[PDB]
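> My sequence and its experimental structure, below.
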Amino acid sequence: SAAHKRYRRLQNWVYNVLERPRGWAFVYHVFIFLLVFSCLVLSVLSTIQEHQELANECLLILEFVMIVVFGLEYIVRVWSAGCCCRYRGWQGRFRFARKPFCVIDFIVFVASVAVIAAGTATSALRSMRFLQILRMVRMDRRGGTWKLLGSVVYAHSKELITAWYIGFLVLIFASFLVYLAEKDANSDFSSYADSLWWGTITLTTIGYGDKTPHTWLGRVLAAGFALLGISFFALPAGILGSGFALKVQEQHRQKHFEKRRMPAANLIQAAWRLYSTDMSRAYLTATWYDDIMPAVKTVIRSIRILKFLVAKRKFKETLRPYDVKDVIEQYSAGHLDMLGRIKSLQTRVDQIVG
Amino acid sequence: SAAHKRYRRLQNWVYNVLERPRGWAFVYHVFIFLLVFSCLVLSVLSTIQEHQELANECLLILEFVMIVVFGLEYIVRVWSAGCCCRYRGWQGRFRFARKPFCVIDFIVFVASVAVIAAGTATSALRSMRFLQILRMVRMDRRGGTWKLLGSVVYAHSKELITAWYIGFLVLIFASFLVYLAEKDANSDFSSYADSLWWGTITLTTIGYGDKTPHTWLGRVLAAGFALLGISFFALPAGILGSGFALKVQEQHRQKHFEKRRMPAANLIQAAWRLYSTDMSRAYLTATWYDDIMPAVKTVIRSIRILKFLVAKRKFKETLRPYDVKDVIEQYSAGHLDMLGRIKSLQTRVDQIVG
Amino acid sequence: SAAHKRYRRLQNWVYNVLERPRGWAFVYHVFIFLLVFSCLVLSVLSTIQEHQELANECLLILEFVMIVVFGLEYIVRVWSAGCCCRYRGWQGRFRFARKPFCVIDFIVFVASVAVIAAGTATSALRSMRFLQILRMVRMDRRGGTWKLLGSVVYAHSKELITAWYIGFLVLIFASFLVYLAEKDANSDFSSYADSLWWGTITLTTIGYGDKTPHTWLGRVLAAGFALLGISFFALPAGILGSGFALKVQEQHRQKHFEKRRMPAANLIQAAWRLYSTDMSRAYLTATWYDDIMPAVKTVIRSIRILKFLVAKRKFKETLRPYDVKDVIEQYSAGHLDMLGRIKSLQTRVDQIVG
Amino acid sequence: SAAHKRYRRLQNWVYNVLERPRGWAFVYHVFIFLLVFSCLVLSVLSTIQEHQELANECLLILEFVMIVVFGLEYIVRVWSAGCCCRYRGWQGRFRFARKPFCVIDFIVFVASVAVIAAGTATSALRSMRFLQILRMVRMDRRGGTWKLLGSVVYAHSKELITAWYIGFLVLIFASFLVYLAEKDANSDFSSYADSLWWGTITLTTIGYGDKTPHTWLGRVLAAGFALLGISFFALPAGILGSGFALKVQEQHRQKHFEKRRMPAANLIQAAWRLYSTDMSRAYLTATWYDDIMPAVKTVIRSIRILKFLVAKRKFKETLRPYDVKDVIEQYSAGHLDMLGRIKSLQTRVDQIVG
Amino acid sequence: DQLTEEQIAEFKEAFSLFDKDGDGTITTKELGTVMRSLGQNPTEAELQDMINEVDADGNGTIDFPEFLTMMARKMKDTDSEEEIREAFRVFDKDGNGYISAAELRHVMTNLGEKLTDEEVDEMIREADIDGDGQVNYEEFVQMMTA
Amino acid sequence: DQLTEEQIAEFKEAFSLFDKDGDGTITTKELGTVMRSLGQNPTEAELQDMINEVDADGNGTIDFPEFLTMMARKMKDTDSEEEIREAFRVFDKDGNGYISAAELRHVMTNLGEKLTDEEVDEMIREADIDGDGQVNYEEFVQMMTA
Amino acid sequence: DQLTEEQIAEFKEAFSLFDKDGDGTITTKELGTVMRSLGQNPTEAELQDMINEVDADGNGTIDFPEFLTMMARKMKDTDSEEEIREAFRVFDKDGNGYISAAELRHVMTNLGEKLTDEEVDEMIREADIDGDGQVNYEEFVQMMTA
Amino acid sequence: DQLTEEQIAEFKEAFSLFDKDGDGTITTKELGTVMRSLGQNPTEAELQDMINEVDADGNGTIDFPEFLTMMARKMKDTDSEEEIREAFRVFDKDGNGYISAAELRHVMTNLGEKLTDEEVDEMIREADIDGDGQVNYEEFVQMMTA
Ligand SMILES: CCOC(=O)Nc1ccc(NCc2ccc(F)cc2)cc1N
Ligand SMILES: CCOC(=O)Nc1ccc(NCc2ccc(F)cc2)cc1N
Ligand SMILES: [K+]
Ligand SMILES: [K+]
Ligand SMILES: [K+]
């Protein structure tokens, strides 16, 4: 079946490059990226009334190439999933197709093909070009980015609220004070809404320049308020950046410990020992041939099941992190064992000599 | 009294959702927020001369709804406070009302009602719309944000002062140097005050664009000073952000230790044991029936009071943080106890055999 | 001499409030600050041709008040220095005056008085108003800010150098590329120097708006370069901020240890014991009355000098920080002492019983 | 040969100042920097049509001086390389010249000389002035900056990707929403491309001011979107700065440990002991004069080679970092040795007395 | 609850059981001797901690004014009410001022100086337990501080 | 694989070897006694861990319903399949679902409760090893979970 | 205070009590022997530290030039005045150059090589204590450095 | 320096002193026995480390091809020259490729497996010391790697 094994190795390699890339497999995904992103850009260049002609021309070719490439990729991935043992036979392939992102990719492809077909309602045929962004959104494996951002935001919720509350009060105050000074002299600050627009555009440090204070009082107040206001607005970015950095550092820290080890290795052993209870040559002897006292072998199996369950638990626990108080715990164990050893010496000296 | 207990549970639930929210109770507070904030926005849209009509219309309805909702909330909270044992009876309700933020909320509500009544001095009836911001200010439970900001600012005083001193010097020098170069060619830099305004608006990175250097010397001098100046102005934000992040991390650190534990549990026990001295069946026997030697039971109670006071202290202390030198202390205790054990062996061997 | 001691306490209090403030003494220095800074502002308002009249009026009064206040402060500080024992008598006062910042303050005061006198060359009488900034520069006690900034910059030299080298390369390349595209269509980019000015003003995120790309190639090229360029330019403000924060945290860390302790206390004791060799009642006995064998007391003194010198060294060393490897060192000492104790048991058992 | 040793010391000093500067040697390199950078600036001032005359004049002199200085420096460095033992004789000098940056410097110099010669195609003679930037690029010793930046970027890949993905989605959305509101009223937002240009220029906080929202709906949407958008765009700069700071701190941490020590010292000893097997006076005796049993000395040498190889390995290993679990390992070793010691006591007591 | 003179005399008679010599002070010797006569076995460090809680002079003794103050006060002070209530709140994660009867039972018999079953039975009987099985501990704290 | 009544009776007969007194429970005494009769030597802490894996009542015993559940289930549950597959993945750095025969042999005989040579020989024989010498462990996991 | 020749001869006579053999050096043997004759009991490590403070040659000895320098200097040098003043400042939190008589007494008798009551009584008598009970320690440092 | 056949035979004769049985291998027994006969006293862990440096088969032995490779190579390889030069550079703070004769003497006799005085005397004699007293260690490394 050497050909069968070559087939299986090819399948596993393709599935590895598609589902979970590593090392050089990226050279594929990046490509796909630059293929969709590029298309997006062209779509935007279609909106300008100056380049519409050439842009539509290029978009025709690019959409054709993209539809062909994504159809090929989809067929290849659906065939590759077969490598794993979970999805075998056409029933298994179907079970694979039922995944959400798979049907998403299929829907996007069928939409692209139907659009290019109807091309031969141009407004809708242009509007659906936004669909490609779903091809990128599909790159998120279970929304990792959203979950990471949410975790980091929640961990610093108290610090973030303080920056917004202090920043909002300064914007409401500085806007009011500057509006009070520029009310009549300058025409820009006709109403309070204009003052608030100016205050936001200034405190964020955007500084469009369509509204600026003209009288000296307004300038002094603006300069004094901007220094206090600019720092509060720029805090969230710094807080979140330091949070991300510290999180990455601590995580990388735990990589060195490698404490889980031994539990995973023992679990496979307890599972093999349990499994082999029912097929090992160790039980294919006249002695074991079950007819007179079946319970003996059943009792031996029951013990292996209990040990398997202990090993599965110890294995699952390894994932959980451990504290730095273990050193105190080993001293407690070491001292207690030694103190008990001196007692056992003391009792024997007192027994013999008295 | 099952109905009485249902009543008490309802009261405690309402008081929990109002005073100290957790989990899903937030779905209430957020609502109130979006109800006041929205009103604020409408008030601002009243200032524009274009939308005044529709804005006042909407503000009428929104003020009506807000007054009704806040009256309901206030009555409900005043009735809910009764759940706790501190404020019982109408005397207790009154004691509850005497709180500062409660009277604040009441004053704001009465002001809103009086305003809407006088509506049927419109300038003042518009001016008092600012009052609602107090409804948000009321969300601060004892000014937590101010205290946090003050702590973090005080802990980093030296670096912060260094950033301002270097930043102030650079600003003065750059403004003067650029004014010396742009004095005659450009009309913007007519006086030193204009140069200072330009220097601030540039170094903060706002960049309005109403004043810019025109001669090449000014540009070169402005370019170099701008690069050095921009970093110093943004230094505060980064310092405070890193400070907040590090503080949050270290605080989260101490949460894992949970060292306080045992003291709180023992305090309740010493308090119960002291209390039960005067009501336990253990003392309702012919033996204890006090007539011949009252002092014996009094002495037993005096001992329980002393132990209660020891447990209260140990309980208060647990809140205080503990150092990482405890491991050295346990080794010192462990070594000393063991070294004393070998001495006790040595003395007994020397006693019997000599 | 109770009056003498009241005098000395008053002197020490004044000198404490002036030289090294703490707690509430700040309420003085801040005042002086707001007194000089204010003056500065008025000077600037003198440059405008609109407010010159009122500004000069206010500056007259403020300069009078400032000269009087600083003369009073200088006399008070020169008299207060006498409290310490270093500068006693008029020779000591003179020695105090010889300090650099003292003569600086004196020169500034004499300059102010000479200026106000010549007031009754107005250009110079206005130019010297810059002198007041020296009053603030004088607030630096031995240039602490400069030394702190230099330390933090030197510790991070490599990372800071990387940000400038990458940022400079992005600036050159982006300026050249945008100039190549905007050369003919737009008039702003007439020469490469204009492109470099635009590139700096954009990458620093100032964005004056006097130069902007007009053709789409320039716009797409500028948008891509600005995203890469903006992060590198703002990279230094973040590195230095994180450095300051980490430095403050680690420093605060060592404050908790308080490992220096015991050495300072022992030094005073060895110094007192050495000093008392030559005046203690312990040596004023017939026995010690020196005539027959003077060397005995000299030898006793020589030993106390050697112990004093050991205590002074151990005291100076405490200032130096200590590593976290001490726990390993105490285990090494503890294990070795215990292993030697079991050997001493083993040898005695082998001696008696054999 | 005292003159020979003076020669060698001079050579080593020059090579130290050139190849690897330290301390005061920098006072040279900085100079060279200010000599090339200055030239660059002058070249730029040549592009302006106002200063071309004086700029070309100054550039002539500066190019002459620079060519002379760099020729001198190159000859001196090529002669200095001889100090090391690797490159000796003209063959060794040649081997030194074959280095990449050496030939780079030589090519740049020959290009400068050929240009100044052809000066007596001016367009090319101006274009090649860009070459000098290679003189700075040459300051990178094996592209340290690029490698550092790449390491820090790769370590923070997951955090960086989240900022880009969230930021890209906000930019696509805010631009579309603002374009929908400003479509007809304002002429700036004629097409979607204009809205995207505005969105980028706004979110990066550049704020040119050539495009701004005019209707109030657009202003409100721009205000809310910019606050969310500005933080995400500045998130990458915040993450890389904290990363650099943390990396520098941890690196400085390992400097204090100084754990490598002992291995380097032992390696030199094992190498000397092996080397001296074949030349020591210890082997120049009648006993060792090899004729009857040569293998004895060969066996002794084979043992020294094996020990040398053990010492070389232990020396290379020291460079690798070590974990903080060593304390647990020393307790394990210490406890085990002591527990075995109590066993040896127990067995001897049981042997003699029984 | 003004402290009366007969109440003072009864405290004095208890104080004199400790200070049998009439020296006006209670040291670790006098305190620990009375305690061990009743079958208690405090350590020396526990006797020092107990005396230190009321020894303002810091000389290792309790005098009658300190003894009388402790006896008159018991747990009625506001510091005691707050700290006891803070101890219950350690075990109230909901923050609603309630603790389960079964959770109170676990903490009382499994942590610290564990209550016996009969002690904890009397404690749960004394709290007016709700029908669910939840205890409002803040009214439990006021009964011990009354 | 519906659990039949004869299968239940065979489990009951094994359960009764442990619980020879007919008390309906297996403690560490009954479990450890049967184990040591076969020449095994568990520790007390190992006997407690084993019973704790199936003791829902938390009273340190196994009753027949818990015994029957464990015996009927073996490793067929989805939790077992996932955790065993996660254990192999610890040693699959490529992430391709493969492990070398020689690497499996090293881990099985050098880590944990090491397999003997004959045990590990039977294990590698049972996996359908590819011609390269690489083992697809996810189909190995389904054979032990079937 | 120029060092005179008679003062040098008196130092020489003390130096010769240590170096009784006339070898011109003081080792730990000579130093420790004289010290123990007076009833002191330094350790070997304390004798090495003492000699190391004045042994510039680093060979574990004190010669007469080193002995004479130490004896002529005592505590009069500026390094001694500064370090002693820095030690007091450890216990001056106000930063005003004052320390309480009672705080000085606590530190002198409770930390380090504690002073006896009589030693510390003489020390507080010698400082010109103010009527409040506060000690200006910087003038106390100049009296020991004079 | 092509390895000749007579040089190979002399290595073979040394190899046979270790492997006296003719088994073609050197274990810790054979290596340590020859070493102790010369009065050396390696530990078992030191004998394992030595064999492990040249045992490619990982079975705890040295065969003749491994022995011959080690003997032919000595320290002449580029890895040896670089690592020895890196070891000197640990003690060259200036970075100029020099080390003081007195500093070399301190490191050789005070760290590691200290050289005796006579060993270190021969080492400093062999380096062509400059008149200042500074040693160019990179030419010292080439003499040991030649
Ligand atoms: C934490 C709240 O935010 C700030 O601390 N803001 C801030 C304060 C000062 C400076 N330095 C420039 C300067 C200082 C004083 C002057 F009088 C004029 C200019 C910069 C910032 N960003
Ligand atoms: C700590 C004080 O603040 C700064 O370090 N400022 C700063 C310095 C340089 C750069 N890199 C761009 C650049 C470098 C060299 C040039 F010649 C032209 C441009 C950016 C900033 N922000
Ligand atoms: K900006
Ligand atoms: K801007
Ligand atoms: K602008």
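Done, it's in. Numbering: from 1, shown residues only, chains lettered A, B, ... in the order given. Ligands and ions are numbered 1, 2, ... in the order given.
> could you measure residue A:301 against residue F:131, distance?
In this view, residue A:301 and residue F:131 are 35 Å apart by CB to CB, to the nearest Å. Where C-beta positions appear, they are placed from N, C-alpha and C, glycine not excepted.
> higher neighbour count, those two?
Per other CB atoms under 10 Å in any protein chain shown, whichever of residue A:301 and residue F:131 has more neighbours is residue A:301, with 16 against 10.
> What's the local residue count around whatever residue of the stretch 151-300 of chain A ends up closest to chain D?
Here the stretch 151-300 of chain A gets closest to chain D at one residue, residue A:241, 2.4 Å apart by CB to the nearest CB. When counting by other CB under 10 Å, one arrives at 32 neighbours for residue A:241.
> near chain C, anything from the one helix or strand it maps to?
Element membership for residue A:241, per DSSP states H and E: helix A:235-257. Yes. Remark: helix A:235-257 sits within contact range of chain C at A:238, A:241, A:242, A:245, by CB under 8 Å from any CB of the partner chain.
> Residue E:72: neighbouring residues, count only.
14.
> Please enumerate the strands of chain E.
E:25-26, E:62-63, E:98-100, E:134-136 (DSSP state E).
> For ligand 2, which of the ones you listed is the nearest?
Ligand 2 lies closest, by CB to the nearest ligand atom, to one member of those: strand E:98-100, at 56.5 Å.
> Neighbouring strands of that closest one in the sheet, and parallel or not?
strand E:134-136 (antiparallel) (DSSP bridges).
> Name the residues of the following helix or strand past the helix holding residue A:241 that are buried.
The element immediately downstream of helix A:235-257 (helix or strand, assigned by DSSP H and E) is helix A:262-276. For helix A:262-276, the neighbour count (16 or more other CB atoms under 10 Å in any protein chain shown) marks A:263-276 as buried.
> Need those residues in TSV (columns: distance to residue A:286).
TSV is the format used below for the buried residues of helix A:262-276 (distance: CB to CB, whole Å):
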residue	distance to residue A:286
A:263	39
A:264	38
A:265	35
A:266	33
A:267	34
A:268	31
A:269	28
A:270	28
A:271	28
A:272	25
A:273	23
A:274	24
A:275	23
A:276	19
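> Which two of those have the greatest separation?
Farthest apart among the buried residues of helix A:262-276 by CB to CB are A:263 and A:276. That separation is 20.5 Å.
> so which of the strands of chain E gets nearest residue F:146?
Closest among the strands of chain E, once you apply CB to CB, is strand E:98-100, at 44.7 Å.
> Give me the residues contacting that closest one.
Applying CB atoms under 8 Å, 6 or more residues apart in numbering or on different chains, the contact partners of strand E:98-100 are B:12, E:88, E:91, E:92, E:133, E:134, E:135, E:136, E:137.
> Filter those down to the buried ones, ChimeraX style.
For the buried members of those, the matching ChimeraX selection, counting by 16+ other CB under 10 Å, is:
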select /B:12 /E:88,91,92,134,135,136,137
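> Closest one of the contacts of strand E:98-100 to residue B:153?
residue E:92 (34.4 Å).
> separation between the closest residue to that closest one other than its chain neighbours and residue E:134?
Nearest residue to residue E:92, sequence neighbours excluded (CB to CB, 6 or more residues apart in numbering or on different chains): residue E:99, at 5.6 Å. Separation of residue E:99 from residue E:134 (CB to CB): 7 Å.
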